Amino acid sequence: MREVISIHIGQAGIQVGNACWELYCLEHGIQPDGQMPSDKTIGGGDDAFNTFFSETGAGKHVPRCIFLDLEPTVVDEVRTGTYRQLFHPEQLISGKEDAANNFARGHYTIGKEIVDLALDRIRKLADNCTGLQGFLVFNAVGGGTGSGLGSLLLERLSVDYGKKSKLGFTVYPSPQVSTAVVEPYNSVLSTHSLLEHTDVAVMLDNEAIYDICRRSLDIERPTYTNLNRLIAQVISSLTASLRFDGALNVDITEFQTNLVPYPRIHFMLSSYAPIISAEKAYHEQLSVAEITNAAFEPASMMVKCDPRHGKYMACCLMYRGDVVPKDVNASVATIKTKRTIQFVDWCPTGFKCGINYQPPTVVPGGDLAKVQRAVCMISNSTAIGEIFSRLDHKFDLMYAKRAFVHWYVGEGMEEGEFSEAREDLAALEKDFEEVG
Amino acid sequence: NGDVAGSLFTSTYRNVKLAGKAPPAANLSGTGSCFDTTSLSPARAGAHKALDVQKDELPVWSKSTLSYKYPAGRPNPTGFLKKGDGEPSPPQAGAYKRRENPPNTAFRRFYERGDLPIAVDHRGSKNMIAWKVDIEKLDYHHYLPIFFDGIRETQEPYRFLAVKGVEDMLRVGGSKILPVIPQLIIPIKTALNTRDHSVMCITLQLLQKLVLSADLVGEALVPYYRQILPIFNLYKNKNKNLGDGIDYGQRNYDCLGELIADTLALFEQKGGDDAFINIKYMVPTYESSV
Amino acid sequence: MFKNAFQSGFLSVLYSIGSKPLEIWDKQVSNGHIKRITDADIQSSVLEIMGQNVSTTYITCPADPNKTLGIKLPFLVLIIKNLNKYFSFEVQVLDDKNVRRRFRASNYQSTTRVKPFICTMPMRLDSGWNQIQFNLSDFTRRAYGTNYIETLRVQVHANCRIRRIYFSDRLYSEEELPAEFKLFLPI
Amino acid sequence: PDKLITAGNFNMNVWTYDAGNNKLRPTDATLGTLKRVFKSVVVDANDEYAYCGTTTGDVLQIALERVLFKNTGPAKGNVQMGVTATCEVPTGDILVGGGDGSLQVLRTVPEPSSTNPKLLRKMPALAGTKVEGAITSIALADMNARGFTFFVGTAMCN
Amino acid sequence: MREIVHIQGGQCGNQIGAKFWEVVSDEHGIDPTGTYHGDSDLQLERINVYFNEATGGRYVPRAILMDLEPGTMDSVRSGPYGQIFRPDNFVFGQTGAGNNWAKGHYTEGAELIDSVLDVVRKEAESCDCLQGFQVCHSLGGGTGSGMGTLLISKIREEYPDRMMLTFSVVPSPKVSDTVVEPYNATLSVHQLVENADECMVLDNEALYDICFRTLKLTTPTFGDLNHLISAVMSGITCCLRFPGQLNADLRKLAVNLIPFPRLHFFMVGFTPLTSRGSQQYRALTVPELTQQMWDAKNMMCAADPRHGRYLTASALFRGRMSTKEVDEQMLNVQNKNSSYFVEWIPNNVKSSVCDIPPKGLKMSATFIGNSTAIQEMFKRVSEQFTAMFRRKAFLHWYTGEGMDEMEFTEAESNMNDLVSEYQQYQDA
């Protein structure tokens, strides 16, 4: 009834999907072998996994997801890993050859011949859904697959549905830490196609989350799995209101109505709190006010943006666990009296709050600890234009010399794509400015 | 009349969630995930089952009393006497028993292979159909029987797709429908032969839509009454006797006792000057509505 | 097998170029031999099978019996060299009714004779390399007046040199074919 | 004798007394979107299933390894004034007495639903009777000749 | 006679309706099974105002439960008092409201009203003398506002003579749980003014204070707030249900409170309200109940009476008392605070009285007041609306349902016209 379709493209997408589809199968008691035991059943009950699974004719729960990739090697690790009895092999789509960090190879040459089977898999998976809340894309801007595929995918998806809503969770090239040399090119190229097609698009980067895991959890040895775990926790806290009960339920339709005032402006920040180890939680009480201050702290964001250089066009809070509405109403009042946080004049309101009674779960062997509360903060603030201007600068600093342009012009592209994406980014920055 | 596409999901939810009512027990053997194609069973639906009653449970006829009495008990050594001693109905036939409806239809198999130009259209305000091509230029001879053969389905989204398929093709059909009638009788009869209320209440509304979809369909259907009315004769008198209780359920179409009366009136309406006798021959309780 | 897969424009079952082309094929030789050699006309590898007693040296598409090759694409195309010898091949078909027909084409035969389960027909091969296309859905309609559903088994007998076996789903032209799915005979 | 279950208005918990300190840790009950005002609670002989009456009239039986809920209550109806005085007969069945005088016997053995095999039935009712007034207390007396004699104190002081 | 049908729109409206039907079901002493187990005959004399008979001596409520996203309707069905509703008095749709008043009132509302009207007609005809309607809105969400008004407009053009109530919960002036909330408020008001006869306005913020100061509740959940809305909603009708030395039908409350057709936004309050400690010391007399009700705190709306004057008010007592006391109490209050009333209205309070009190209490009362203080509430919203509409924020959603801009401009002007009328009769 309330189901989502979760795509994971590229490597980062299907890496974070490992954590996501481990967290879900653990939160709902599903064993790695498709089926949950007979004990966890509660008489007659559904819609607890319907959102993230489809029950087969007998026993197995197959996840309603897709793992698309052009590098065979990660889909093979998934096929051989412990979570292989879960996925029916026809879900994990692979390819003999990768894009090799070329947006052209992703969007014009190689993905053009596998979008057809991707769309057929999506057809077969979305007809199975009675009430489709939406597609959740897990792109990874900065790689060849991600950049070209997610773009071509969204073009086809919008020409098919259009009215249906697409939410994306993209990683963005961090300004300081960057593991590519041409990635400004593909970021600029992906944005022009995604803005016009996707309907909401969160943004996050590895730098902020490294910092978060350093500050709070105090881990001197972070790896990509630590970032994946936090992304999975954020998404679980988000899709709670769809798959659970509690005061002030939240559905994607309303959530996107009351956070995107203008068609263009939909990029938004993210934040999660509390995020601590076991010893820390042992010396704490974790009031709702403490958690909301932690959430609204700019250092706890998952994107290298400063909100105090902009205002808040709106925001959104999704609590979890033991919460009551008076506490949230008192915390928002304190925050709106505060002065460091700005709000644009034309939104005297601006806090969509949701609650639910299902506490957050901890994955054994993970990094977080058990808590009775949690808050995920999502805000559409006009300050994010700085991480767009960074890449706007970088694109032309490289395009002036026209380095690496030969790859793109030989792989079925020309020069005009760069200029059109440049103009689009300039227009986007002008639009962001216009709202002051 | 009213559509059949929307009503079904809300009805199933109201029945299973709101009341403590049962699905009840829709067999999903051979069908796994949404990706793996099912293994079609060789059985057939609406099939009369053989008599299972034992050998001996059949009473024997006593020539002396003119009565069927059960045979006496053979002795047993464990049950021996001790010191102290001072002291047939026939096996009913499954007339109203829901036949077994396996998922081995042809619509499911064709949809699995992906040969159908249909898809679900979630972008609408509700569940709608979305055609890959233009309906009014399809080959009805090939597609329309396939869509009727999916009415018997109960697993989602097959039954929704099948009902919505016929519902939309009958609107734009027109003259293209009349020559297809001889091929629609078998799936209609098979859907009715299941004795299941859900499929029966659906196919009766589709049959109404069928006679209304075009002209001259009535006379053309008339020769085929001998193969579709035999079930009408059963549930013609399945009604609810509420007395003073107003029937809120009238909002949707669930009462067969009048879903059949409306359809028979419609048949007599369209069949011409001789449909009444062909009806009265199969269902004797019928009364001319002209 | 090949069920719940994706067949939309092409489906290549055999290709001489690869680490192991007879992945799914079973091979039975009695007085013959199978190998992969570099052809001269089409300067690439071709998998050749030869030997006496055509009816005994062959390769079946499904690895073993009791396992079907579920494939629903109408057109079937082979790329074969004509060695001017006895060559034949057979394809089994499932009709709309649950009956398994089978058609075979032989170059040592001169008359077609429809039968309840079999349809033998001659084949007029050209000289050297040539691609042969079977409608495989007009054939069932023309022979038994029924409809094509899906192929079940394919089998190719001796005295031929195979390069490509693929289902096409429609008659593509020499232009529309990709580079791998065509005959590029060099100088 | 180290764990104990307690029920109330909109809450059920199982508390275990820790050995290292003077603390006792609770574990809450997880029931699917059910809000029931539990009144009486009984535990079987082997700590398998906790039975709990309800003002609605249900007799919820839950497992106790994990405290989640299993079966709703008496089929073929529902107790009139809510379940008030509940007790267990050693044979594994439950005596239930509502707030109207309905005293009945529910045999609680996990049964499969006849029509839908992977589903359970509700608790049937072996015997039933009517006494004068709301039932408030039940105690047992093992006669063992035919059955058991239960002393039943009703709100009407009978 | 005087039977009344009850509607519940939106999630909140469906939730407070779960209490209103739970409180009343205990008043007349029926069970969650729907069977009657009271003791007196007054439980049965006018039971037909709220229930229809059922087979086997059961009573089911004359209620309608309308809301998209049937997830909420599983909740109320699963509550301890869900088993009394007829499971076919449930109209719903799988698609969401999304807090977009447009789709709740243009696209997905038009798909259900034809079914709802079928249901309300069915049990409008189940009443011998149907008194009127009453709903439960939430002017923030899209279901309550969007569907409610569209439904109401339909009823008005079908049952003009009858009377329509509305227990609409207004948005909060300080608190805004949603963001497009002022859009949903103003657009609904453009419908209510011409398509209603009495419209109580209630705000959860004042419900939090009342639970905080008076009731001394630590953690007021939404149940307690709903527990208060339930309390008053029962207090309005005890005349229709129970004997009374001066009974007050709803139509005579109307004519005594709305001198002009448009000034039909009321202000409500309940009494007695004490904690468990104060209950031991306070004594229950007419004086206590009238000073507490005439206080500016018991007003469950976010409006200050002292910033206005009561055009008219009305108090309803239930509990065996003396009519003389309540007759002079409303006199004294009318004398002292002569600035808090008007001059062209000689006596501007009506003091009804009932003979049967609440279940466990012995004296109780309910305050209803048509003051010009409410004009503050509409003033506030008319800014938050004109704030974002000046910037056309979030408006693209509303154009997405065939709407236009004229609809807003007309809607806003309707309130500015309205609040202007509340000033004319407030000569300060």
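To keep things simple, chains are lettered A, B, C, D and E as they appear, and every chain counts its residues starting from 1.
The criterion applied here is as follows: a residue touches a chain if its C-beta (ideal position, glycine included) is under 8 Å from a C-beta of that chain, and two chains touch if they have at least 3 such contacts.
For reference, the UniProt names are A = Tubulin alpha-1 chain; B = Parkin-co-regulated gene product; C = Cilia- and flagella-associated protein 20; E = Tubulin beta-1/beta-2 chain.
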Quiz item: Measuring centre to centre, with centres taken as mean CA positions, what chain is farthest from chain C?
Solution: E
Self-check item: Chain nearest the overall C-alpha centroid of the shown protein atoms
Solution: A
Quiz prompt | Pair of chains joined by more contacts [C-beta pairs], A-C or A-B | solution = A-B
Self-check item: Approximate Å spacing (C-alpha centroids) for the pair chain C, chain E (Tubulin beta-1/beta-2 chain)
Solution: 78
Quiz prompt | Length of the line joining the C-alpha centres of chain A (Tubulin alpha-1 chain) and chain D, rounded to whole Å | solution = 46
Quiz item: chain B to chain C: how many Å between their CA centres?
Solution: 45
Quiz item: Rounded to the nearest whole Å, what is the centre-to-centre distance of chain C and chain D, using the mean of the C-alpha atoms as each centre?
Solution: 71
Exercise. Pull out every residue in chain E (Tubulin beta-1/beta-2 chain) that's touching 2 or more other chains.
Key: 74-75, 94-95
Quiz item: Can you list the chain A (Tubulin alpha-1 chain) residues in contact with two or more other chains?
Solution: 1, 90, 120-121, 130-131, 245
Quiz item: Hey, what residues on chain C touch two or more of the other chains?
Solution: 4
Self-check item: Interchain contacts (touch definition) - all pairs
Solution: A-B, A-C, A-D, A-E, B-C, B-D, B-E, D-E
Exercise. Could you please specify the touching residues of chain E (Tubulin beta-1/beta-2 chain) with respect to chain A (Tubulin alpha-1 chain) in the complex?
Key: 11, 69, 71, 75, 94-100, 142, 174-182, 208, 219-222, 383-384, 387-388, 390-391, 393-394, 396-397
Practice problem: Going by the contact rule at the top, pick out the chain A (Tubulin alpha-1 chain) residues touching chain B in the complex. | Solution: 1, 54, 56-58, 60, 62, 88, 90-91, 120-121, 123-132, 161-164
Quiz item: Can you list the residues on chain C that touch chain B in the complex?
Solution: 3-4, 72, 150
Self-check item: Touching residues (chain side chain D, partner chain A (Tubulin alpha-1 chain)) in the complex
Solution: 30-33, 63, 65-66, 68-72, 119-120
Self-check item: In the complex with chain E (Tubulin beta-1/beta-2 chain), residue positions of chain A (Tubulin alpha-1 chain) that touch it
Solution: 1-2, 47, 130-131, 245, 247-249, 251, 253-254, 257-259, 261-263, 314, 324-326, 329, 332-333, 345-353
